[PDB]
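One structure is given here, and the rest of the page talks about it.
Chains: A, B, C, D, E, F and G, in written order; residue numbering restarts at 1 for each.
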Amino acid sequence: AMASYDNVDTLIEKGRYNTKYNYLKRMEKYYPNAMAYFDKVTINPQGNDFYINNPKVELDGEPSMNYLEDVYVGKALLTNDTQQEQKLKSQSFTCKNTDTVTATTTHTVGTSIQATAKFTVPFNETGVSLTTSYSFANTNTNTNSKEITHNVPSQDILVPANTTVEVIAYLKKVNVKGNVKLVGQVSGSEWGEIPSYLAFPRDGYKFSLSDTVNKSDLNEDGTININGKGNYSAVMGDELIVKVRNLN
Amino acid sequence: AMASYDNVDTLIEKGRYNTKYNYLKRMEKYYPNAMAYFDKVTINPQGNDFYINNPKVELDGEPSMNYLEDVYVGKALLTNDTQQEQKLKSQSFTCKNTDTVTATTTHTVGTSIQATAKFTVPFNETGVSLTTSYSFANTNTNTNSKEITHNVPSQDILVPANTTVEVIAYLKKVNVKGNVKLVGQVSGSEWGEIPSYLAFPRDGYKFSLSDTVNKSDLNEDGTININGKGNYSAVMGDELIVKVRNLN
Amino acid sequence: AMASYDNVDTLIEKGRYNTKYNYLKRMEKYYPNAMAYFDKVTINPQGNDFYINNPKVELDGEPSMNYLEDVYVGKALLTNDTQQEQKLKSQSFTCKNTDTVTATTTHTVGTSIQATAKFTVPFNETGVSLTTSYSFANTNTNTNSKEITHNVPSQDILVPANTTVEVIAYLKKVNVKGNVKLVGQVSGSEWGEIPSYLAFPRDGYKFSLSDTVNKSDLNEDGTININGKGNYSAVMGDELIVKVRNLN
Amino acid sequence: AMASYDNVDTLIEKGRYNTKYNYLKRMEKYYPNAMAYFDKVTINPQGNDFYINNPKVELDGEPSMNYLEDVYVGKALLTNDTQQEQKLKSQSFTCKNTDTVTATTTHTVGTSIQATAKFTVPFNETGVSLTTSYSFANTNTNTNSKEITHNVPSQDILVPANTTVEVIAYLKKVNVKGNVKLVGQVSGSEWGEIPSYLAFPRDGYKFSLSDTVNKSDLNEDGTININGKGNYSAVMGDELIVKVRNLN
Amino acid sequence: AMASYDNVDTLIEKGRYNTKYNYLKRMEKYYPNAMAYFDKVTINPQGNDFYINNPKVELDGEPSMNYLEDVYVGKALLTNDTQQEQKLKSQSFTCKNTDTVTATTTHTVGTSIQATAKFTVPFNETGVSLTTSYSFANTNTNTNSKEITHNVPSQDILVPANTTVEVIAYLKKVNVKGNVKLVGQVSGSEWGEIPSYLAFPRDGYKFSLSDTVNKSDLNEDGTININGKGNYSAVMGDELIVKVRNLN
Amino acid sequence: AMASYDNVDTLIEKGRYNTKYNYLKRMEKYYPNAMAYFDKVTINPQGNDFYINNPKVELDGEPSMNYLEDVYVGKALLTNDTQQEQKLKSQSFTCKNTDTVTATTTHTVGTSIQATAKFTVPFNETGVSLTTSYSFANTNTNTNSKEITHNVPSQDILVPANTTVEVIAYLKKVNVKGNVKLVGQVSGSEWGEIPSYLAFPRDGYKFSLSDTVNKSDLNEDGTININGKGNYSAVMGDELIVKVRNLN
Amino acid sequence: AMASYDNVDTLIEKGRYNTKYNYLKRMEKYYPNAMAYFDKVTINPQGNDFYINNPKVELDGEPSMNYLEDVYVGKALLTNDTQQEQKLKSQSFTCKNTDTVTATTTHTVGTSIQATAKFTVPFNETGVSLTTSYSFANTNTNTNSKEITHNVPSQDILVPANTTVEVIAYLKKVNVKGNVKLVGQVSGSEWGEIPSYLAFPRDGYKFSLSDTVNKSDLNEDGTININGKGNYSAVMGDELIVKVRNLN
């Protein structure tokens, strides 16, 4: 109604810590030997489907960078001698990286029929065999590739009449951490599974974002209000540094 | 004529619930043992062909987002030192994902002819055979790939004379739910099949959107008026967040 | 001269119904047992080559849509903080679907020559054979792929100085029915075949669009005037719904 | 000098009818039994190389269309709510069709050396053979693909402040006939062959476009003036019908 | 110094006719039987490396066309109904043609070890062999493809408020002859070979463009001045004919 | 708080020299024979994850170039004769270089059943065998390609009414060294390993950028301030030199 | 300090001639028989890494062209009949040339187990064998392709109201020689090897650009000043000749 929350994670982790509490409670039937064993249980997620009705995401704070490696540094010297202000372009550059994975299976069913026959009349054991084969292969491939391109564009620079500019692009591969603030109305469940510890069973939990928050803390349509900021740590990225400069 | 409906789904589901009623009625000949068994029958669709004459679709309400994972965060620092307002471009990024499926079948028909012959004269059993093969393989492949690209464009930013801008693109993969309102005139049939329950037969129903609505609730041309809103839950998507900012 | 027609189909179907009349007439020689059998004959087309001289096609009426499935919904939040009206771009998206078909045939012709020889002197039957193979494979592949792309573009939006826009693209796959009106002068023949009914022969008809219309209903150059509207039912398609909106 | 011709075809066909006259004349040596046999001779072309010096081609008359099939119909609804005249883009579409042809040939030359040896000491006939193979395959592939794309572009539409446009692209595959008028100076030969009729020989004719026209009907440089119109029947094609329309 | 030449070909052919003179002179040692045999010698080029210092190429004269075949004719009808002057685009078209050539070679080295052994105790000759293979294939492929694209662009046409335009693109494949005039300073050698006539030897000539022209006809830096026009016969090409036309 | 550092490298190398000190200290238990052996130990990195919160990177100093080889030099002569200022384009050029790496593994499991039988009745030993095979291959490929493109763009040049321009692009492949200055707040650890010297063990170190700097030299959030310049030696690159020039 | 050099080549060749002097000096120990043998030694480079700090490259002098062959000549006739100044586009053209190189190696390890058994009871020697195979192939491919594209763009031409333009693009493949002037500060070494002459050893030289120039001819940071011009002979290239012309 009027109360809101500051993350979807403060709800998801609270629900998972409720699931790890319920599942460990469910062990007071036959295996209460590991009861207070509230660790190394590894509740993993499998089916997140929360929806943020009416979302208003927008990023705040500069992204925190983790620099991996340089990719390209391209200079370009664009001279104009045409008694008129031209618009010259520097060079481009793309860097693909494909990773294919394939798994095919063949089933062959052959069949042969030999009809050997030895005469032994002309000279010793001069036989003549005549076989006939037939086979049938039936393969079933299904590959999967994931391509990723980092294109450095080609800047068009208004170079004046008789002068040069000097562009320097410097691409670099990073992965960022950052923060992002959003508001909205979350609602929905999460089905996963509790992997069987080597003395425990495997159970398929499923909780919702309505039984993990105080009742009457949700709107009339089951949605609970969030107004906070979510993190997006460890996201692959880029960083271009262009420096166009007129030298004359 | 003057009466309209608020979905095509309120017609499709009503027709399917009519088909599940008729098909269960058809069991009072030989197998009325499971008669009130109005469940687990799984009437599946196979041949939807309704046409919305004169459609006026338009989306209302902000799409409800379900955030899957981050794809890319790309910063770009575009400096201008050219005593003139330039227009500099940040870097691009594409992310493909192909999934190929293949099924080939080979038919081979070989044939060999051996002509062995043992002399036994020079020394023990020194024979010399001479075979001759011939085969014929005839394969028939037919693959199928489905590629999907999420391209983050390269913004061109009017950076003033001696200053820098600082673009931050942040792509994210989501799948949305939303609502969409449309008006028009639906008309057409739906042919599917009723899968045979383990004590039931399989029958190929086919109903239309004219016998699932009150007669004289359709126009002169068989079409029934709809004026409402249709849902589009669970649609793969994206979400870009660009923040160009002049720092100086 | 002065009389015109309202379709090319009212001519094509009339010619085919003339061909099905002539071919059934041709059965009063040996097989008049199925004479009034004016059905299940399946006159199929094979060689349409009518030309519409001076065509003036133009579509009338909104296309009737048949909605198949959603493909993509992409939001984009483009913020400007640069004290200047920038032009920011949302993200793109492409969706390919390739279907390859292949048929190769290999012809192999091998040849071997074995020269076994058993010494039997050192110990029991210690022979040493030396064969020599030679083969020749000659394959002939000819594949065929058909790719189809549904590209959602990247809108560039004039976002004012310090504010954001909020683009929502929503692609959807449909196949449309519609109507299309054209005028012109049709002329030309249609060669097909009449498939042999299980008590009938196969005959290769060929009629023209000049002997299927009243004589003197054609111009001096054999062409007959059409002025009407042709249908284009069941054509694969798309439907994009863009909604750019300034939120502040 | 001052006389010109109205086609290059009225020259090519006249030269071929001269070649078919000369070649049939050449049969009064040994086989004059089929002499007036001025048909079913099938003079085919092999080496056209006429050049049209100073050409002035330009198309006249609307192309005569032969409609094959519809390819795509794409609607797009572009709404603007930004208090400013934006320029929004509809969706694109491409349709490839590749046809590959391949022909590879492998030559294998193997060689084996077996060294079997039966002990017969431990128990019955317990021999141990040890072979050694070596082969050499040398293949030579040379494929050939021909791709063809029909791209429907993405129109950018100036949609006013608070309103929508409604684009409808309708691609269609046709092949056209048309006419085209050109002037210039043709000159050059045509080498082909006269296929051997089943009672006739095969001869490799070669005529020029200077001995097929009245002498002094050519300029000083051997070229003969043409001023007419050439046909281009049966050319694969497209037909797009865009209808942008502002609805409000 | 002050004398110039009118081709590089009048130098290259003169040098080759000097080489064919020298090489035939070199036959007065052992084989002067074919001495005046100044024909069928086929001096072929292998190593042209002349450089045109300070070139000023520019084409004169319209290219002489040799028409091969039509490729595409695409009509497009772009209607505007938006109470504003829009800019609509017609459809595109590309036509690829790839020709791949491949040559791989495999070297296999196998090895087997069989260990057959016949018991003959349980019943007649019930032996059990156990072989073990090992091979090593080492292939080396190196292909080569040459793709060629003929792209017909998509014209954007300023269609006025309520009216239509009607674009007609007509691509055609030709190969042109033309002339081209250039000035500059040529200098450099040409190494080829004189193929051995069936009574002659093979010799590897090498002449320069300084010993094929009168001395003091070259500048101080060995370069000889050319000022003339060079031909470019038989060059694959295109010919587009666009005709945008406003019909209303 | 108030003290900052001038590199992230002066921290990383100091931490690694601390790790090489600790690990060599850890050898005074069993192997102090190589104790002062402070070399040839090769502490390699494996898990860098420092984040630069609030980074302000910007390049200073011109990049130091190391010229590898020329790639392309493309002239273009764009003449205008249209009594109007046109905008003509020069030619483009791209240079890809792909390097694929593949590793597949097949597992085959065959099975045959022969049923030979010798009659010996008609003549000597005329037997007839009939075998039947069945196999199952299951391969698992996973390739990896890395493409790199160096695109030289196509400059559009405003050539005046009756005159020519003369563009000269000159791409060249280099790899640069340069310097880059950044400020920010670094924080995070580095997990690697100390490879086992041939008399030493292997240990997996892990240090952070907070225990390698004087305490109270870090902010309240564990981050240590950096304000200096980092090097980016040996980065593949390009260098374009465009020279548009109006000649008349 | 104040003295500079006019090439990097006058330094590299001087250093190599110093290396060839030192290495030949090193032969007065055991093999002084070939001492003055100052030729056919072929000092080849392997590890150039000189860096030109603060480079100011810029091309002088028109490139000297060596014409290889014509690639394409494309005419285009763009007519405007729209009572308005349109902007029409000519056709494009691309010419790829890929060269792939591949090297894969397979390692197979098979294993079979036969279990033959001859009954001899029903009739003569009617045995039944049953084998069982198993193999394991492990291949490792790594290809490498190098694509090169020569794209002729599609000029957009402002054709006036009722008139035509006539574009002629003429691409041509050349390789240029040219000169290029640069200034900067070179510094760095060159590691190569001296290949072993058939009576000599192989030695891996390594010299720097600081011990090949007079000391105190270098700046304080080891760099030696260059101010001259470097050549770039034999660089693959293009040459486009566009001639737009308004004919009316």
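Operating definition for what follows: a contact is a pair of C-beta atoms (placed from the backbone, for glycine too) under 8 Å apart; a residue touches a chain by one contact, two chains touch by 3 or more.
A repeat of the F-G interface exists among D-E, E-F or A-C. It is D-E, with more than half of its contact pairs matching by residue number. The mean-CA centres of chain A and chain F are about 20 angstrom from one another, to the nearest whole unit.
Centroids of chain A and chain G (each the mean of its C-alpha atoms) stand 36 Å apart.
Residue positions of chain B with contacts to 2 or more other chains are 57-58, 65, 77, 79, 104, 110, 116, 127, 135, 139, 143, 154, 239, 241, 243. Chain contact topology: the protein chains form a pattern that is neither a line, a ring, a star nor a complete graph. Those residues of chain A lying in contact with chain C across their complex are 57-58. Residues 62, 64-67, 70-84, 86-120, 127, 135, 139, 143, 154, 168, 170, 172, 177, 239, 241, 243 of chain F touch chain G in their complex. Those residues of chain D lying in contact with chain B across their complex are 77, 79, 164. Across the complex, chain F meets chain A through its residues 48-55, 57-59, 63, 65, 104, 110, 116, 123-158, 160, 165, 171, 174, 176, 178, 180, 184, 188, 232, 235-246.
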